[PDB]
Amino acid sequence: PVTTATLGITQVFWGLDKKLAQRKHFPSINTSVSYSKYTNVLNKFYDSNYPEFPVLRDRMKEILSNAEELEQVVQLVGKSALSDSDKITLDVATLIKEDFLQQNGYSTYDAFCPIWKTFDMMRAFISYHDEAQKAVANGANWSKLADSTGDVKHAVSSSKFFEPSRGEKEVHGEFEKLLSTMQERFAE
Amino acid sequence: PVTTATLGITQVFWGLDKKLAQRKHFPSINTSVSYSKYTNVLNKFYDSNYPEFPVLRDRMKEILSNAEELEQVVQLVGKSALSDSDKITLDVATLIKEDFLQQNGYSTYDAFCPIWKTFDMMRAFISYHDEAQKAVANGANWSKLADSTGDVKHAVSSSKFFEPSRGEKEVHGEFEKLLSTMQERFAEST
Amino acid sequence: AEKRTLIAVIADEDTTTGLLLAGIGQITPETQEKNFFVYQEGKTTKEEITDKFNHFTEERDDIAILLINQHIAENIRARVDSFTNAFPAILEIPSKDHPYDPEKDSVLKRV
Amino acid sequence: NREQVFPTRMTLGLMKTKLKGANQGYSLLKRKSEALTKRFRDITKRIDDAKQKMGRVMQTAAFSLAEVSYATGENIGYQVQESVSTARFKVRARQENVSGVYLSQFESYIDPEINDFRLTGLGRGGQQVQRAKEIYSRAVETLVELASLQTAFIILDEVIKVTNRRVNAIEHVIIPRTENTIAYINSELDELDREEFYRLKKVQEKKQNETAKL
């Protein structure tokens, strides 16, 4: 009853899952159920500061929902002859869950992820997903593409290890190289 | 609530499953949930009188657990992919359930199985399982081994019919011949 | 698999000669083994033919497709039935004066 | 016949989600089984046609080989066996994606390293030997195609059997099991609600008695 009343009254809900908590997948936010009613208001601030933030957030929500549906279908049907794009979405969402929605709040590097750093990480993840999608749609096999771009995937993973204490100028430049490296793999 | 409080306070829990209560499988003891906490303290008596009793009981318990897992996986995925060892475990545990674990308390032979008879029959069943495992690991196909040793299997499964009224000396004398014949019938077949 | 790149022939002498002319079968010099072994009813025995077929199916991993004559497969019917593995494939080609029998086909029996 | 799940609202919701997923998987796997069964029937028809064609091609190749041997005046089998150092014909497996299965398809190839045949040293009938070799190569290609079709049919049969077993298991085991678990959980929470209602009714009776006394 207290949860229901608070859920009806409040505007944001950061639901937590015991299954994710026990696996030490903190902050353990239940993405399916969690919601925020302040995105409509915050479109103005995002257009002022980081114009691409709402689009990237919607893209990541869509990717996570599609990958949840695909994971349910995989659990149902043994992942038999999964589509290349479906495998891309599954891999990208697993990477997002393991390197963007999982941060140790007590670790020095990931205690505080500022808005600029998290926006750059969101853009890096979305660019990686888009590059994989476009390259496979061109004709590249996903297995060979992953074998070739494991270095870029590890760089995107280490983007969570990037220290925000270096300031915006240093961190933003570091992500600029990551986009350049990600674009370089697209040509190959 | 009564069952929960009783399980919290008592030391021995002989759970009964109605699935085995039907199909006339008495005692319908659920070997998965039942437990006894006096097995540790009873090691003194077991080492004094029947030293191999705890080891045989543990071997039978692990055989039953392995067969429970095998039956669980088979009931949904069939038995067309089991290994020879898995087939041996399933067959021996079905034999244990059909002959050893089930006891007809209203039959003269199985009204009262004393401790020595129970220990000897555990020895017989465990020796049967070990001999089958060794023979198959030697290279013998399990189907052909079962076809050749159906007589030994019947002799083991019919060991319950040995009336304890004959006495410890007579019943144990027949059981010693049962193991010796079973060992021979597993070496000649292999 | 990609490793299995060969054609096994255990048919009669004429069919073995035809397969050799086609070039599917050959004898490996280093391995001292022949992919296509000539065997007839008079030559060797049923047990030898069954052993050769088993070696081609399992020991000779390079063999991908096995070509066995219907007359040869008749004496190796038990081995053909036991060879339930898809790889390598087994084909019951007809021999000289021995037309192919649909009933004797192991693959067609599963239908 | 029920899952060992502790009766709770979270458990009830998890089991409803499990039941919905089980029904969805049942429908999807039944449809996949139907598609693979259509593909397997097509593969069986193609296998029968390929067996007939392979029999005809084998008869033609046997006739051609007999004609070549008659023209040459001797059996070229010994010479062919002697010149068997390397195989000119090789087959490479290809992982074709037919429906939801990944049945491998054999792809024949010709190696020009040892493409030379035993025409030299045959004595006579070189043209007949070459024609017989070409006919035998065509028959070998047809046999490779038939073997690939048979392997695909066997793989599809195994996959269809596994899928049908999975559908039957899902339905008969899981759906009664999950439905019985849902029923048991609903009954248990109904019992807890009834006990709470009785306790509240006793509280109301005590309060009413106290109010009447006062």
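Check the entry above for the structure.
Now for a look at the structure at hand.

Concerning helix α1 (residues 9-72) of chain D
Compared with the 94 Å implied by 1.5 Å per residue over 64 residues, the 88 Å span of α1 of chain D between its first and last C-alpha is a close match. Residue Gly-73 of chain D follows α1 of chain D closely and has a positive phi angle near 85°.

Examining the pattern of salt bridges
With a closest N to O distance of 2.6 Å, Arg-57 of chain A and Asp-58 of chain A form a salt bridge. For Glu-62 of chain B, the salt bridge is made with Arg-59 of chain B, and the minimal N-O distance between the two is 3.8 Å. Placement of both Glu-62 of chain B and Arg-59 of chain B in helix α4 (residues 53-77) is noted, with a separation of 3 residues, approximately one turn of the helix.

Considerations on the interface of chain C and chain D
Tallying the contact residues gives 19 residues for chain C and 17 residues for chain D. The set of elements that each furnish at least two residues to the side of chain C that touches chain D consists of α1 (13-22) and β2 (27-28) of chain C. Per-class residue counts for the side of chain C that touches chain D are 11 nonpolar, 6 polar and 2 charged.

Focus: the environment of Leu-56 of chain A
Residue and element names in this part refer to chain A. Positionally, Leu-56 belongs in helix α4 (residues 53-77). Once the C-alpha coordinates of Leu-56 and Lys-18 are considered, the two residues, 38 residues apart in sequence, prove to be 28 Å apart. Once residues within four sequence positions are removed from consideration, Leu-56 is found in contact with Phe-119, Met-122, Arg-123 and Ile-126.

Comments concerning the sheet that holds strand β1 (residues 7-9) of chain C
Residues and elements named next belong to chain C. With respect to topology, 3 strands assemble into an open sheet ordered β1-β4-β5, the strand pairing being parallel. The sheet is open, and its two borders are formed by β1 and β5 (89-93), each paired with just one other strand. Along the sheet, successive strands turn relative to each other by an average axial angle of 20°, direction set aside. In this sheet, β5 lies alongside strand β4 (residues 65-69) in parallel orientation, the contact comprising 5 bridges. Of the residues in β5, the one forming a bridge with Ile-68 is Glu-92.

Calculation notes
Residues numbered from 1 in each chain as written, not as in the entry; some residues may be left out. Chains lettered and ligands numbered in written order. Part of a larger assembly, values for the part shown. Heavy atoms only, no water. Residues with missing side-chain atoms left out of burial classes, pairs and counts. Helix = DSSP H or I, 4+ residues; strand = E, 2+ residues; numbered from the N terminus. Expected span 1.5 Å × (residues − 1). Salt bridge = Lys/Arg side-chain N within 4 Å of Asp/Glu carboxyl O. Contact = heavy atoms within 4.5 Å. Nonpolar A, V, L, I, M, F, W, Y, C, P; charged D, E, K, R; others polar. Pairing = 2+ DSSP bridges. Axes fitted to C-alpha atoms, helices over the stretch in contact; angles between N-to-C directions.

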